[PDB]
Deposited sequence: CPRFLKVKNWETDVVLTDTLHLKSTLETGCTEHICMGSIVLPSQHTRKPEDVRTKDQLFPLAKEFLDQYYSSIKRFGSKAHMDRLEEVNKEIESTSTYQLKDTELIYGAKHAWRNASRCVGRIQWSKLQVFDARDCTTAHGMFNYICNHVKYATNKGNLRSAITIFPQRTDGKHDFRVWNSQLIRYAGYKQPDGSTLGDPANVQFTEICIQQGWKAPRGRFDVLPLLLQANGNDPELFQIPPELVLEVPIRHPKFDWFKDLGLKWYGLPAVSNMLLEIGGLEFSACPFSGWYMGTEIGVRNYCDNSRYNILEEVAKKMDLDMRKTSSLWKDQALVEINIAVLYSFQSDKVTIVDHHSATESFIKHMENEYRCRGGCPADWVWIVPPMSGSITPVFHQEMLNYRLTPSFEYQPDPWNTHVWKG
């Protein structure tokens, strides 16, 4: 019932009580662990609503008060009649901050309480969506001093009337399939990039082409829009000691802003809810640049360092990997754009976990995702046992709209 988690580096032990408030399923059984798997009505709505309002009135310290009881009935009476209900602004902010608090795969939650929430529930069209997105991008970019933000479009109704941002992020680079068999740009976005050319985008067909936004209002055909270029802050990638680095021609955008997720608060489903913070260095250095199936620039870099690529055991991939990541951190900082290195991100996440243990009774955390994809064991999160569980409100993945939407 109570569970202890030990840090095997500091011997510090914490007791988890928060997992018993967990509702949804993990994918794991007594017989099988599924921790490394990337993805494992009116009758239904009212309990969900009640469970959420109960934690909301508790957090504001008015559990079981007349204000509590009255909102509880008001929501019940709106469900029986309208087959859905509306959140109050205050409940919406709480909902969203907490969906971030509960994101077990996010290393950056020490920040959770300072989320800026933009309520876009009065939006009705794709142009309106575009306007909200641009105000989001600009607010959160803040000339390089980035701020956490989420913009919340109207909730799902019959399911035929969904708002959706088809992009997986607001700002991403195009992917094109070429005559050779090679890929130009970002291979992760090839399918989406084709969906842009078939909606009518003029692709410049380079390596770092900022994709257009494809916006869906109230279930309608989606629509193309270019983000004003002046709003997409980008950093050219150079190295502090290696002068040749600049001619690789690398740049990355400043703003990571996830836009394909679904926000569930008290049974209500917000299918367009883009949110953004700022990068941990390794996300770009290790994953975007180095993954075999992304930009995969490791061979090129190691060749420019004049390292021995004859045998795997020179650790030349490892040597290059560090420099590539040195250069991302250096470039961002020298341009005064917010970024965090993996040592700092994880040290901070450990502070946060210790905070959540004494102040909430626990902290759901998915180790497989928290441990950075380089230098695992030299970060303190490597030695830290974590319990993974699913709390609500939450962010969830959702089918890609193009498989699903009807034209």
Original post:
Which bits of the deposited sequence have no atoms placed for their C-alpha?
Top reply: 1-2, 43-53, 421-422
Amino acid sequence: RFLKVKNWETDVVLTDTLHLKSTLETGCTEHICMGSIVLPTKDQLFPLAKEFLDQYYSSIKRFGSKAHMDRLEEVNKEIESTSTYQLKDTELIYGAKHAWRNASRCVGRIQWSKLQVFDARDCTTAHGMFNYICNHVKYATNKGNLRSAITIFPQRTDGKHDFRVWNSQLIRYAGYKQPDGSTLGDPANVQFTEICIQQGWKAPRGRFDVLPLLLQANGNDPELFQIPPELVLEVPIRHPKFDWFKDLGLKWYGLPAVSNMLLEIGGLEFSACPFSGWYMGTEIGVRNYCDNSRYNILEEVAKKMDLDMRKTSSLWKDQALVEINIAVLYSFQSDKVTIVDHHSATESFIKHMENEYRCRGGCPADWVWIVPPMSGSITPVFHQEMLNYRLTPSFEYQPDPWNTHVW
From here on, numbers count along this sequence of modelled residues.
**OP:** Quick one: say whether 385-393 or 7-15 has the higher mean Cα B-factor in the deposited entry.
**Re:** 7-15
**OP:** Using only the Cα atoms and their B-factors as the entry lists them, report which of 82-90 and 68-76 averages higher.
**Re:** 68-76
**OP:** Would you mind finding, among 158, 283, 318, 122, the residue with the largest C-alpha temperature factor in the entry?
**Re:** 158
Original post:
Taking the values straight from the PDB record, which of 264, 230, 243, 234 has the highest C-alpha temperature factor?
Top reply: 243
**OP:** Please place residue 148 in the lowest, middle or highest third of its chain by C-alpha B factor as given in the entry.
**Re:** lowest
**OP:** Grab the CA temperature factor for residue 349 from the record and place it in the lowest, middle or highest third of its chain.
**Re:** lowest
Subject >> residue 369 - Cα temperature factor, lowest/middle/highest third of chain >> reply: lowest
Subject >> Lowest, middle or highest third - CA B-factor, residue 294 >> reply: middle
Original post:
Relative to the other modelled residues in the chain, which third contains the C-alpha temperature factor of residue 251: lowest, middle or highest?
Top reply: middle
